[PDB]
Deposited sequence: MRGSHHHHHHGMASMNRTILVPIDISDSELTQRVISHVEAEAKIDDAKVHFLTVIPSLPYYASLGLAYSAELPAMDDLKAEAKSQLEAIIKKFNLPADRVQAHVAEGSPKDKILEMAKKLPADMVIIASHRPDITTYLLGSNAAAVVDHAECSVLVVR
């Protein structure tokens, strides 16, 4: 049975809606195991300003909260309880997505292109890197 990785930005509503049907259809093929991953971004820029368990809340705290929101989001998908798993990481979202894709390993990554906006973007920062560097199939959802 295949493995599908579904990266979720917990701050995105519309994106999460569009991937739901795709994720559901994809898992109904092969009875796939679906792994959801949300990544707490860590910015060098903020570090360089001095903003660190100090001016920013504890990482253990942030993770529990992110994980909490991810599990709320996973309830929006019709997937067998036995086939789903939630993951939280910290770092560059693209690197951690790609790392998780190597770790599982993933047969497919399902990822939204970019938040809907009035800019003329192609792919988002993270979608483009995943598409480019993943070693498995990537479904870019629009």
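Enquirer: Would you flag the ranges of the deposited sequence that the structure leaves without C-alpha positions?
Expert: Gaps vs deposited seq, in order: 1-15, 68.
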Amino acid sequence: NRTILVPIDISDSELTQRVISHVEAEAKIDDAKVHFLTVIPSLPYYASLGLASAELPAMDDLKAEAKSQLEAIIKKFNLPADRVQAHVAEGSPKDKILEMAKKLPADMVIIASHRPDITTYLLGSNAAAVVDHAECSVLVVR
From here on, numbers count along this sequence of modelled residues.
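Enquirer: Between 54-62 and 30-38, which has the higher average C-alpha B-factor in the PDB entry?
Expert: The stretch with the larger mean CA B-factor is 54-62.
Enquirer: Using only the Cα atoms and their B-factors as the entry lists them, report which of 42-50 and 109-117 averages higher.
Expert: Per the deposited B-factors, the answer is 42-50.
Enquirer: Using the temperature factors in the entry, find which of 24, 14, 132, 9 has the highest value at its Cα atom.
Expert: Answer, based on the entry's C-alpha B-factors: 14.
Enquirer: Lowest, middle or highest third: where is residue 84 by Cα B-factor in its chain?
Expert: As the PDB entry reports it, the C-alpha B-factor of residue 84 lands in the middle third of its chain.
Enquirer: With respect to C-alpha B-factor, does residue 137 fall in the lowest, middle or highest third of the chain as deposited?
Expert: As the PDB entry reports it, the C-alpha B-factor of residue 137 lands in the lowest third of its chain.
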